[PDB]
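Encoded as structure tokens, the structure appears first; notes follow it.
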Amino acid sequence: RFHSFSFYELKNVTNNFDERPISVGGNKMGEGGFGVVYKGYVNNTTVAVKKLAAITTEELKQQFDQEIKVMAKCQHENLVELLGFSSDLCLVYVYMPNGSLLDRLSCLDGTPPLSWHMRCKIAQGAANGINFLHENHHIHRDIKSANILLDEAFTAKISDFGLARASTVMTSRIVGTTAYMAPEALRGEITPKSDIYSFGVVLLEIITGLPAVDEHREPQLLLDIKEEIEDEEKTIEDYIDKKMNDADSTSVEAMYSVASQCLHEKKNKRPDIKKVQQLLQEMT
Ligand SMILES: CC(C)(O)[C@H](F)CNC(=O)c1cnc(-c2ccc3cc(C#N)cnn23)cc1N[C@]12CC[C@](O)(CC1)CC2
């Protein structure tokens, strides 16, 4: 199944969890909401380790459990692969050579901008992954561009299943990234339709290249830009990412239409993941 790695083995490959950037000689490639991630070559396998960092110490460990439990039942080309763990805190995965969709849309660390054809394939790959999760009666609850990772071929892979749940119920701990969350999820509802809403936000990020939340931007919330388009003030061509030259207006408007259906405030009128798949497949 999974390999139980040892703590010290992870420290040696991470250069003692060197939080410095790679170009400076460290190992940190990024940080999550609940942990940090470093590169570390292990048995010639380049690997990303997730030293969790808390929201008490118990809950952080139960989410450590949930990721392992979901990753054992859900293997798919559009999901990340859990290689193993270190508990005596750490979750070991196959290193994704191209990081997160969020960082690549912002061209972080100097990576070239994504073309429209890569973005369309990434969206289809991400929807294909969410479809596999929803087919197995699992809800991600944190669909966002930072949790859509990209391999050497820019194949989209959904990651971070610590918040995942079995597949409408209510909870006492509202968790997630608010800039992506559906209104019902912000109140404590758990439904796969929230995943659809959050995927619509990612589709907006893909079209525009704008992060879902930007503190130095007006509007700060990418959702607040859809309404500015909807009330006819502007159009979606005014917000197409300018860091691409292979975008056609017919396909861009098709992905926006998918995003708009996904972003319906009322959840029951949002399409399910299978319909979102079909619409994204029709676009190409
Ligand atoms: C060369 C480049 C262009 O620099 C490139 F980017 C280098 N490769 C990476 O940076 C990078 C590589 N493999 C992963 C990876 C692989 C599996 C998992 C699982 C889980 C969870 N659960 C998180 N990560 N993960 C994450 C990575 N980077 C992140 C940066 C910001 C984040 O928020 C934390 C880590 C999301 C992705």
Side-chain angles (χ1 to χ4, degrees), residues 1-8 10-11 13-15 17-104 106 108-109 111 126 129 133 138 140-164 175-177:
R1 208 41 252 201
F2 304 105
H3 185 162
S4 294
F5 296 74
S6 157
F7 26 79
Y8 69 78
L10 309 203
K11 210 200 56 161
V13 301
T14 42
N15 194 54
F17 289 132
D18 205 348
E19 286 113 33
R20 286 178 336 249
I22 317 289
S23 73
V24 194
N27 288 66
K28 166 175 173 169
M29 304 179 291
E31 180 179 359
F34 283 16
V36 196
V37 171
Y38 318 80
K39 174 160 61 176
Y41 301 97
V42 162
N43 193 52
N44 304 355
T45 302
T46 316
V47 159
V49 200
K50 194 216 199 136
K51 50 174 276 279
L52 288 178
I55 330 168
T56 195
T57 171
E58 189 272 352
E59 310 169 300
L60 193 69
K61 205 55 171 193
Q62 178 179 64
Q63 305 192 190
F64 169 89
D65 270 88
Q66 201 81 3
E67 187 142 3
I68 289 153
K69 173 188 161 210
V70 177
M71 281 261 102
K73 304 276 89 206
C74 292
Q75 315 159 252
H76 193 275
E77 45 191 346
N78 294 118
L79 303 183
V80 293
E81 210 203 332
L82 184 66
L83 290 167
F85 49 80
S86 287
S87 42
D88 281 304
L89 167 65
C90 281
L91 282 179
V92 160
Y93 312 82
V94 175
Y95 160 85
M96 283 293 108
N98 273 300
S100 70
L101 178 58
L102 179 65
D103 294 336
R104 298 293 83 65
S106 65
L108 186 75
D109 300 312
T111 49
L133 287 177
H138 293 145
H140 191 277
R141 292 206 298 156
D142 210 10
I143 295 293
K144 58 183 185 174
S145 64
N147 283 348
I148 297 179
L149 307 186
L150 298 163
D151 74 355
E152 41 265 88
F154 291 105
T155 285
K157 292 176 181 272
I158 321 288
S159 63
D160 201 357
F161 311 84
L163 299 191
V175 284
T177 313

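Count residues from 1 along the sequence.
- In this structure the side chain of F161 never reaches within 4.5 angstrom of the side chain of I68, judged on heavy atoms.
- Counting only residues at least two apart or in different chains, salt bridge (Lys or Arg N to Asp or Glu O under 4.0 Å) contacts with residues 76-99 are absent.
- The cationic group of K50 does not satisfy the cation-pi geometry with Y93, failing either the under 6.0 Å distance to the six-membered ring centre or the 45° limit from the ring axis.
- Side-chain contact, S106 with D103: no donor N or O sits under 3.5 Å from an acceptor N or O.
- Within the 3.5 Å criterion, the main-chain N or O of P97 finds no donor-acceptor partner in the side chain of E152.
- Side chains of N78 and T155 form a contact here, defined as non-hydrogen atoms less than 4.5 Å apart.
- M29 and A48 make their closest contact through CE-CB, 4.1 Å (heavy atoms, listed as atom of the first residue, atom of the second, distance).
- Residues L83 and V47 have side chains in contact (heavy-atom distance under 4.5 Å, counting atoms from C-beta outward).
- Once rounded to the nearest 0.5 Å, the distance linking NZ of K51 with CZ of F17 reads 6.5 Å.
- One finds the CG atom of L60 at 4.5 Å from the CG atom of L52 (value rounded to the nearest 0.5 Å).
- Although no hydrogens or angles enter the test, the distance criterion places no donor-acceptor pair under 3.5 Å between the side chain of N43 and the main chain of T45.
- Between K144 and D160, none of the side-chain N atoms (NZ, or NE/NH1/NH2) sits under 4.0 Å from a carboxylate O, so this pair counts as no salt bridge.
- A distance of 8.5 Å separates OH in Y38 from CG in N27, rounded to the nearest 0.5 Å.
- Taking NZ of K39 as the start and CD1 of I22 as the end, the distance is 5.0 Å to the nearest 0.5 Å.
- In this structure, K11 fails the cation-pi test against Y8, since its NZ or CZ atom is not both closer than 6.0 Å to the six-membered ring centre and inside 45 degrees of the ring normal.
- Interatomic distance, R104 CZ to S145 OG, rounded to the nearest 0.5 Å: 11.0 Å.
- Of all heavy-atom pairs spanning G84 and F2, the tightest one is CA-CB, 4.0 Å.
- Ring pair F5/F85: centre-to-centre distance not below 6.0 Å.
- Heavy-atom minimum distance, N147 versus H140: ND2-CE1, 3.8 Å.
- Scanning both residues, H138 and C74, for their nearest heavy atoms gives ND1-SG, 3.2 Å.
- We find the CG-CZ distance between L91 and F64 to be 5.0 Å, quoted to the nearest 0.5 Å.
- Checked against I158 for a side-chain contact (heavy atoms from CB on, under 4.5 Å), the options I143, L149, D142 give a single hit: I143.
- Enclosure of atom CD in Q62 is not indicated, since only 12 or fewer non-hydrogen atoms of other residues, nucleotides or ligands lie within 6.0 angstrom.
- Across all their heavy atoms, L163 and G176 have their closest contact at CD1-N, 4.2 Å.
- Counting all heavy atoms, side chain and backbone alike, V175 lies closest to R141 at CG2-NH1, 3.5 Å.
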